[PDB]
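Student: After the structure tokens below, expect a handful of questions from me.
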Amino acid sequence: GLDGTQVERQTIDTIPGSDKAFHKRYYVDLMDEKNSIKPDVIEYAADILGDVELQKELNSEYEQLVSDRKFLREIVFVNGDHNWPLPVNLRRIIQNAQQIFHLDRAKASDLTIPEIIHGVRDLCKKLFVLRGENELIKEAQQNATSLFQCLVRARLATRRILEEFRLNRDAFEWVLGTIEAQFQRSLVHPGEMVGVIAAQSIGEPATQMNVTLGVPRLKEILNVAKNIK
Amino acid sequence: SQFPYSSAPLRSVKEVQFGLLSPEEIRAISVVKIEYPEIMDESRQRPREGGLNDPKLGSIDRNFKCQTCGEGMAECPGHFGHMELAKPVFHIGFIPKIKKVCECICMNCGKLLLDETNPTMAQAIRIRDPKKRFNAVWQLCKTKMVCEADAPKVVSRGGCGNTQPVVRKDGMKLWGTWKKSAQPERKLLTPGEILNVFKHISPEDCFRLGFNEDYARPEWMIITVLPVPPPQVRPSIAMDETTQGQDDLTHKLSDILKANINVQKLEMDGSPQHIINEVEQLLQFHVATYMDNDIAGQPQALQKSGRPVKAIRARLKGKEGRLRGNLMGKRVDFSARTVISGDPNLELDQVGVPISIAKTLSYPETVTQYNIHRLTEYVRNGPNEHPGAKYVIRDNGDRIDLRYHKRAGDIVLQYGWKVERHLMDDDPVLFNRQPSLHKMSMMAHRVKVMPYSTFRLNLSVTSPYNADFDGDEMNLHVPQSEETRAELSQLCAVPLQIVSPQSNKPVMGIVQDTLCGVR
Amino acid sequence: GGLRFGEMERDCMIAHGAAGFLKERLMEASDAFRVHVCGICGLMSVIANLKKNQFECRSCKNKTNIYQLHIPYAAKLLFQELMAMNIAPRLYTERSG
Amino acid sequence: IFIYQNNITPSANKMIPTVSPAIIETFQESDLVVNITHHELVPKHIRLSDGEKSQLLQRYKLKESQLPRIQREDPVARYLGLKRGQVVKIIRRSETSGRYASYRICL
Amino acid sequence: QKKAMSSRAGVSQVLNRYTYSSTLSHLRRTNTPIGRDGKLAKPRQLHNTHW
Amino acid sequence: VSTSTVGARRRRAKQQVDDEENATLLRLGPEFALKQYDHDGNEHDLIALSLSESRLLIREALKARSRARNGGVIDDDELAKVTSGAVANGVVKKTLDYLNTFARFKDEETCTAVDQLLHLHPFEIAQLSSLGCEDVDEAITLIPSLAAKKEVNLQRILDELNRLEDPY
Amino acid sequence: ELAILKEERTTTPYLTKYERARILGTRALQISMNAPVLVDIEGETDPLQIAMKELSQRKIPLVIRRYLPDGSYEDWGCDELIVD
Amino acid sequence: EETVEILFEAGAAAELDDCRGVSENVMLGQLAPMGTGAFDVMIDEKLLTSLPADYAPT
Amino acid sequence: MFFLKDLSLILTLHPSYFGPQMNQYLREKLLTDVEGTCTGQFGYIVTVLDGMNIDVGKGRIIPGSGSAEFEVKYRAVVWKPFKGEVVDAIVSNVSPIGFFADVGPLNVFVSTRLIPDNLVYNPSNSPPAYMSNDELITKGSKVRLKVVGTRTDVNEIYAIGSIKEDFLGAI
DNA sequence: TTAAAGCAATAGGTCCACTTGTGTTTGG
DNA sequence: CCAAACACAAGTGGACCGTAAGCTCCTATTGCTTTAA
RNA sequence: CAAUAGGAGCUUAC
Ligand SMILES: [Mg+2]
Ligand SMILES: [Zn+2]
Ligand SMILES: [Zn+2]
């Protein structure tokens, strides 16, 4: 459902790597003291250890990430490719957020885990390619944004957000709001003459171009032939 | 607004309904019967009424009006006549379908050879598409060689029992081979006999083959009266100030009239059967080549210059025909063309426009209470000084040309009036280089007026146009209203096309000396 | 003369979505015309006398249901040639089914 | 279902549709050696029910003729025993969105 | 004259007098009347025997 | 310009002799179809108004539009004035005076009574409320269509009508 | 009959590029035809720029009627669609 | 393509053209149901009646 | 005879008139425009039921001109005569070659040949009028007269009647 | 004896669709 | 095994071949016979 | 306040 000028190549981070690398980047443990958040990044570090009503949410997050890993690896991208054209560029969003709110001095982060998890969940339930309370509308809406949700969940993971990007609450709210608005801006407009645009986008490259290739092969394809060269 | 007031409401065409013209309606919409071939009266000043230049057909002169509608040359559409034929003839563009219907139907009683009794045809009837239904009924009904009177006690379907002929086509003559029971006596099927057979088809029978009761009746595919187009469709021309030759259609109609009269000179006296066929076939050939002069396997109706006649079909087809040469694309006013040049000092969405072109082209700007001082300054300046103006349009359409008007100082601009001022700085204009392979080959630029008759382009936009400065010329189109100005500036503007949907990457970059210099 | 606004220029304007500009190039910058059609038969067989404010399709014997249409003059000429080949193009201003 | 070996003659073939209200379909054994719905290029087809077809048509404000179509002789329609008017749902890989649901109506 | 179609066109041309070398070249020009109806690129090719 | 629900009436190949008017023979024209429609396209029975319903409707509309003009604050020669234009005032004055010179039913009560009693073709339905007739003869001769319907009832209906007819 | 109630309107709440372009053109033509202007006119005299100021301040009095492929339509006032 | 043959077949079968396409609206010089012409622009009354009473028709 | 007729009228409005009390201005424009006009297809539009409560709906801006179109649908009352229908009237004019009678909005004139022959004209009576023994036609009289002809002229129409038939004439 | 007007007269390769003929099945 | 109903293959049909632009140059029916002054 | 058509040929920029 997206306009073709609005998408940029982005890496899907849940796809590549070994299971150990996946586990180290994304899996958090609350009871386990060492494999938890590094204490020197958050205000509430001491309150974290040993909790259960939060390790449940962390496990739910990690299982969603494993679901995305399995889905992308077995259904969508079986050959491992993870650099694909997608809507809003999140690296640029994150770096702009870092620039505006001055994320230096490694300050204690006031951004709690449950707030991160619920923010990403609400965002994933706020990307509207189709609007309507119908049931086929809901199914098509979730099928439309599955890959982009996979990207947003592979990037805005709790360990990554807290350690690698060190965002606070203000930067977090800004990143989420910007993702809503820029995704709403990435959608194709009704009324687009996608057929003429597609025809020109296919024909123009032909002006610059023992397997048959190039213009004769494209002519064979478009002039559907019962036999080919 | 350049059309004189008419009281009917103006609306737009939502539906087009094609179909044949019946002889009754052809006679009805006509305005004068055409029978005399000779163009002029006797070379005698306002030619013979009932000829091909009857003033009832309409006016093609600037100082004469139409005797049918009483309107000037600008408004009169032209008016059709009719010209009854002595014998009916085939429409050249329907002979194959006449042959198909002849094969499908019973050529004696006007009934479909097979009924709904046979379930194959009973389901072939059940196609909604007229063409698919016609194909599915013809692909079955074409082989039964009798009109069985009993549906497969004796129950009669009303049929007759006469055998069917094996239709064949040889030119414009429809042969039908009757294999009696040996020697199959093959006879010629004239247009009149087929017309008589076709008039007998019942409305429901007509529906099954896929025709229409109101719009397309199978006998209207045979011509019995011919419409004569107005002279607008076949205007004369002037070669050296005193001479005129008629258009091809006019001479073709004259030849048809000669053929018709020769036909009417045979059924009135001796005619030993080898002149009736010859002259009726001459009529058939003239009528055929009046509509289609590209008929396979026969000579072409020629001009005495040796060229073939420009038939209507040849008028309608091709790159230069009506559809592709005048409807899909056409020549337009308010355009300019000249060589392009590069200017490092122009902005990306700026184009440098020569002064002479800026004064030749114009934009109509409605007078309002925010631009009245500026427009009156333009009116005083005149059409030879920049910034000036070329025309003033009054609230009823009367033009005030500011060239021949000697008293340019004594014009006060009214509100709601329109001034066709010059081309000025920052006007959005559509700018274009051929070939226009993609949507970014034609983009809207802001105007900057300059001397030195080339067009000026910022050098980063030469990539989407695929242009360079070694001879190239580019076209400039000026929007003549505010809707088109807004459309250009908000959809086609150069800044909006920097990123392309072809490969979701930019198409304009830094090029050709700025790149080397920045390195 | 004027410059040809050919088919590929129309394709580019269609890609841009500029419908008004395309209509304005092909009508007000070129052979725009006005014709009257019969509201019953949909043929351009209407005899119009604008100075006497009187209209009639004599085939349909009609004087009240007549409509005017702004169409390219090349389109009017095309319809007249089609009528010359016995084809009836009927321009209707409202949908039925 | 009548699985045959070599060929089914047209004279015999004409009796197949005239045996209402029962339905007779035929397949050749050579065609059945490979199950084509297991092929990687063949996504999973699921015939809709009448109520779900009505829901599909109403959700898109559609008529039956305005849907993409599938021939009754399509190998996967033939494999699924599709009758005229029944709509399959085809979920398939999408490199831009991950997952995409397609619907085709039977000719 | 009455058989202009089916006759070769362009066998005679207006001598080019724009500059002297243009005249000298026009007086030494050659034309193969293959025609443009046909996309056979073979007869358009510079050939070894052209040396 | 002035159009209505009557739309295409497109041209079939055949014509129809049954297009001329003859009000004696129930031929009125292709504008008064036996089943009308409304401004929502929904089907609706034909309307053939007697002089009473029409007079009441026109009086009602005029006084309603006068109260609308007045912000919310008696004779046809005055009540017709609500229109715009001298020709308008003249035509409505003549119509209203014509109504008050032949209105046998001068109230809504008797109009409602005749509506109930009557509700048969609305043409003759209204013409009975418009044309006073003593016995069966005037109706069956001035309106020749009552013969071939075998539901007459003119005797008692006309009796009660002329009974309900107010003096003058 | 073919109009859609304001609750079940399932089109985008955002003004599209084509709707914006045509709305601006139409408003510019209107103001250039001596129509009343709703915004406070301070400096600018070009009708298109006045139309842009009115569009930004949600003071353009127009309605977009968005036709669906089945002939039905939805009505949106310009002031309730969101402009970027 | 095949302009004359297609028009003859349209005549001989009484085809009804629904005029929903682009090219069809192009040859008639009408606004295509495309881009800027894929909608209509009405006049809003609820917003208009808020204007000052002196900006009124006379 | 008067018929209740649903009818419409498409209109054009300049942008200059785009104010806050527009719809009422269009209502007044409709009332001025339509109250009195004749149309050959309907008859005569005398009044409009519920004039102030007509719905103008939402108008559409015409692309290229900027003027608004309104399909103002409403139900009104129209009066049309038909040949062979009996219509009452009152005489307006008198003349030796017949007399005029005002029917609805119109005026109907009956010719001399279509009048019972017991009726005799008089140029010398005070008041001047047709007479008879047991029949009278003077100014102000009522005439139950049949219509036997109606020509349709767009602005004003005229109907020529005939009082030669039974149950007709002076009443 | 000469001039003007009107009528008549010449000698490139692919693909799709339609028609006809010869083969297969069911069987009198 | 000779018959009807019916299908498939081969051969001979037709239609179309980028876009825009400039200039120059030639031709626009001709010849013979018949009629009228 | 009014500047023919049809053809062929040679060229311009892709
Ligand atoms: Mg170049
Ligand atoms: Zn028969
Ligand atoms: Zn008509």
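Student: Give the residue, chosen from B:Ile39, B:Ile26, that is of a type in the set (A, V, I, L, M), part of a loop (DSSP other than H, G, I, E, B) and closer than 30 Å to B:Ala259 by Cβ.
Tutor: Values: B:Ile26 fails: part of a loop (DSSP other than H, G, I, E, B).
Answer to the selection: B:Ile39.
Student: Next up: Would you mention how many residues in segment B:215-239 are in a strand (DSSP E or B) and either among the polar types (S, T, N, Q) or more than 16 Å from ligand 3 (Cβ to nearest atom) (or both)?
Tutor: Total meeting the criteria: 8.
Student: I'm trying to understand the selection: among the residues of segment F:1-32, which are within 7 Å of another protein chain (Cβ to nearest Cβ) and not in a loop (DSSP other than H, G, I, E, B)?
Tutor: If the condition is that a residue be within 7 Å of another protein chain (Cβ to nearest Cβ) and not in a loop (DSSP other than H, G, I, E, B), then F:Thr3, F:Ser4, F:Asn22, F:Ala23, F:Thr24 are the ones that fit.
Student: Let me ask another. Considering only residues that are of a type in the set (D, E, K, R) and surrounded by 18 or more Cβ atoms within 10 Å (Cβ to Cβ), look in segment B:473-488 and name the one that is farthest from DNA strand J (Cβ to nearest atom).
Tutor: Among those residues, the one meeting the criterion is B:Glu482.
Student: A further question follows. For the condition of a type in the set (D, E, K, R) and on the phi > 0 side of the Ramachandran plot, what is the one hit in B:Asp468, B:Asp426?
Tutor: Only one candidate qualifies: B:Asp426.
Student: Being within 16 Å of DNA strand J (Cβ to nearest atom) and touching a strand residue (DSSP E or B) at 6+ places or on another chain (Cβ under 8 Å) is the filter; apply it to segment B:138-162 and report the residue that is farthest from the other protein chains (Cβ to nearest Cβ).
Tutor: B:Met145
Student: Would you be able to say whether some residue in segment B:269-277 is under 29 Å from the mean Cα position of the chain (by Cα) and not polar (S, T, N, Q)?
Tutor: No.
Student: Just for segment C:1-29: of the residues that are closer than 16 Å to H:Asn25 by Cβ and part of a loop (DSSP other than H, G, I, E, B), which one is nearest to the other protein chains (Cβ to nearest Cβ)?
Tutor: This residue is C:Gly17.
Student: Does segment B:108-130 include one or more residues that are surrounded by 18 or more Cβ atoms within 10 Å (Cβ to Cβ), within 34 Å of the chain's Cα centre (by Cα), within 16 Å of DNA strand J (Cβ to nearest atom) and within 14 Å of chain H (Cβ to nearest Cβ)?
Tutor: Yes.
Student: Please note which helices (runs of 4 or more DSSP H) are completely contained in segment B:430-519 and include at least 2 residues that are over 24 Å from B:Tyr363 (Cβ atoms).
Tutor: B:462-465, B:514-518
Student: Could we say that B:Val101 is part of a helix (DSSP H, G or I) and either within 16 Å of RNA strand L (Cβ to nearest atom) or touching a helix residue (DSSP H, G or I) at 6+ places or on another chain (Cβ under 9 Å) (or both) here?
Tutor: Here the answer is yes, as B:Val101 does meet what is asked.
Student: Still on this structure, I have one more. Output yes when any residue across segment B:64-76 is away from RNA strand L (no atom under 16 Å from the Cβ), polar (S, T, N, Q) and in a loop (DSSP other than H, G, I, E, B), and no when none is.
Tutor: Taking every residue of segment B:64-76 in turn, at least one turns out to be away from RNA strand L (no atom under 16 Å from the Cβ), polar (S, T, N, Q) and in a loop (DSSP other than H, G, I, E, B).
Student: Let me ask something additional. When you scan segment F:91-101, do you find a residue that is within 14 Å of another protein chain (Cβ to nearest Cβ), closer than 21 Å to F:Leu46 by Cβ and not aliphatic (A, V, I, L, M), even just one?
Tutor: Of all residues in segment F:91-101, those within 14 Å of another protein chain (Cβ to nearest Cβ) come to F:91-101.
With the extra rule that they be closer than 21 Å to F:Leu46 by Cβ, the set shrinks to none.
Among the residues of segment F:91-101, not one is within 14 Å of another protein chain (Cβ to nearest Cβ), closer than 21 Å to F:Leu46 by Cβ and not aliphatic (A, V, I, L, M), which makes the answer no.
Student: Another question, if that's okay. For segment B:191-202: of the residues being closer than 14 Å to B:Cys109 by Cα and part of a helix (DSSP H, G or I), which is farthest from the other protein chains (Cβ to nearest Cβ)? Walk me through it before giving the result.
Tutor: Residues of segment B:191-202 that are closer than 14 Å to B:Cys109 by Cα, as a first pass: B:193-202.
Among the residues that remain, those that are also part of a helix (DSSP H, G or I) are: B:193-199.
Values: B:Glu193: 20, B:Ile194: 15, B:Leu195: 14, B:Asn196: 18, B:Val197: 17, B:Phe198: 13, B:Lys199: 12 Å.
My answer is B:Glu193.
Student: May I pose another question? Please determine whether any residue of segment B:239-247 is within 14 Å of chain H (Cβ to nearest Cβ) and surrounded by fewer than 18 Cβ atoms within 10 Å (Cβ to Cβ).
Tutor: No, there is no match, as no residue in segment B:239-247 is within 14 Å of chain H (Cβ to nearest Cβ) and surrounded by fewer than 18 Cβ atoms within 10 Å (Cβ to Cβ).
Student: Looking only at helices (runs of 4 or more DSSP H) that fall completely inside segment B:278-387, which ones have 3 or more residues that are among the β-branched types (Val, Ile, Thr)?
Tutor: Because the criterion is at least 3 residues that are among the β-branched types (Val, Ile, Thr), the helices (runs of 4 or more DSSP H) in segment B:278-387 that meet it are B:355-360, B:372-381.
Student: Take B:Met83 and decide whether it is assigned to a loop (DSSP other than H, G, I, E, B) and away from RNA strand L (no atom under 16 Å from the Cβ).
Tutor: Against the criterion (assigned to a loop (DSSP other than H, G, I, E, B) and away from RNA strand L (no atom under 16 Å from the Cβ)), B:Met83 does not qualify.
Student: If we only count helices (runs of 4 or more DSSP H) wholly inside segment D:3-107, which ones have 1 or more residues that are among the aromatic types (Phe, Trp, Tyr)?
Tutor: Counting at least 1 such residues, we get D:75-80.
Student: Tell me the residue from G:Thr45, G:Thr26 that is buried (at least 22 other Cβ atoms within 10 Å of the Cβ), under 24 Å from I:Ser65 (Cα atoms) and of a type in the set (S, T, N, Q), please. Lay out the reasoning, then the answer.
Tutor: Numbers: G:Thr45 fails: buried (at least 22 other Cβ atoms within 10 Å of the Cβ).
Result of the check over G:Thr45, G:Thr26: G:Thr26.
Student: Name every residue in segment B:304-322 that is surrounded by 20 or more Cβ atoms within 10 Å (Cβ to Cβ), among the hydrophobic types (A, V, I, L, M, F, W, C) and facing another protein chain (nearest Cβ under 9 Å), in order of residue number.
Tutor: Residue satisfying the conditions is B:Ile312 alone.
Student: Taking the stated definitions as given, is B:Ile95 within 16 Å of DNA strand J (Cβ to nearest atom) and in a helix (DSSP H, G or I)?
Tutor: Judged against the criteria, B:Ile95 is a match.
Student: Any residue in segment F:110-121 that's of a type in the set (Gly, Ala, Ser): show its pairings with residues that are exposed (fewer than 15 other Cβ atoms within 10 Å of the Cβ) at Cβ separation under 9 Å, as long as the two are six or more apart or on different chains.
Tutor: Qualifying pairs under 9 Å: F:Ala113/F:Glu160.
Student: List every residue pair whose Cβ atoms lie under 7 Å apart, where the two residues are 6 or more positions apart in sequence or sit on different chains, the first residue falls within segment A:86-109 and is under 11 Å from A:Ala171 (Cβ atoms), and the second residue, located anywhere, is basic (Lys, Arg).
Tutor: Here the result reads A:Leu103/A:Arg166; A:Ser109/A:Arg166, each pair linking segment A:86-109 to a residue that is basic (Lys, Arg).
Student: Right, here's the next one. Can you tell me which residue among B:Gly210, B:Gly176 is within 14 Å of another protein chain (Cβ to nearest Cβ) and surrounded by 15 or more Cβ atoms within 10 Å (Cβ to Cβ)?
Tutor: Numbers: B:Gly176 fails: within 14 Å of another protein chain (Cβ to nearest Cβ).
Of the residues listed, the single one that is within 14 Å of another protein chain (Cβ to nearest Cβ) and surrounded by 15 or more Cβ atoms within 10 Å (Cβ to Cβ) is B:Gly210.
Student: Go through segment B:136-150 residue by residue and tally those that are more than 16 Å from ligand 2 (Cβ to nearest atom) and loosely packed, with under 15 Cβ neighbours inside 10 Å.
Tutor: 1
Student: D:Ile70 - would you say it is touching a strand residue (DSSP E or B) at 6+ places or on another chain (Cβ under 9 Å), surrounded by 13 or more Cβ atoms within 10 Å (Cβ to Cβ) and farther than 16 Å from D:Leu107 by Cα?
Tutor: The answer is no for D:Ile70.
Student: Suppose we filter segment C:40-97 for residues that are more than 7 Å from chain B (Cβ to nearest Cβ) and among the small types (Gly, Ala, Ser); how many remain?
Tutor: The qualifying residues number 2.
Student: Select from segment C:30-63 the residues that are over 19 Å from C:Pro89 (Cα atoms) and in a loop (DSSP other than H, G, I, E, B) and list them in ascending order.
Tutor: C:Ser30, C:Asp31, C:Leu50, C:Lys51, C:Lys52, C:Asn53, C:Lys61, C:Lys63
Student: I would also like to ask the following. For the subset of segment B:445-472 comprising residues that are out of contact with any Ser or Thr (no Cβ under 7 Å at 6 or more places or on another chain) and within 10 Å of RNA strand L (Cβ to nearest atom), which member is farthest from the other protein chains (Cβ to nearest Cβ)?
Tutor: Of the residues in segment B:445-472, the ones out of contact with any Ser or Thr (no Cβ under 7 Å at 6 or more places or on another chain) are B:445-452, B:457-463, B:466-467, B:470-472.
Narrowing further to those that are within 10 Å of RNA strand L (Cβ to nearest atom): B:466-467, B:470-472.
On the way: B:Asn466: 9, B:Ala467: 15, B:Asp470: 19, B:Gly471: 17, B:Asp472: 15 Å.
The selected residue is B:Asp470.
Student: Does G:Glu19 satisfy the criteria of being surrounded by 17 or more Cβ atoms within 10 Å (Cβ to Cβ) and more than 10 Å from chain B (Cβ to nearest Cβ)? Give the derivation first.
Tutor: Numbers: surrounded by 17 or more Cβ atoms within 10 Å (Cβ to Cβ): yes; more than 10 Å from chain B (Cβ to nearest Cβ): yes.
Yes, satisfied.
Student: Could you say whether any residue in segment E:11-33 is within 14 Å of chain B (Cβ to nearest Cβ) and either of a type in the set (A, V, I, L, M) or more than 13 Å from RNA strand L (Cβ to nearest atom) (or both)? Don't jump to the end; show me each part of the working.
Tutor: Filtering segment E:11-33 down to residues within 14 Å of chain B (Cβ to nearest Cβ) leaves none.
Checked against the condition, which is being within 14 Å of chain B (Cβ to nearest Cβ) and either of a type in the set (A, V, I, L, M) or more than 13 Å from RNA strand L (Cβ to nearest atom) (or both), segment E:11-33 yields no hits at all.
Where a number appears in this text, it was derived from the coordinates with a stated rule and is not lab data. Ideal geometry is used to build each Cβ from the backbone, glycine not excepted, and the neighbour counts take in all protein chains shown.
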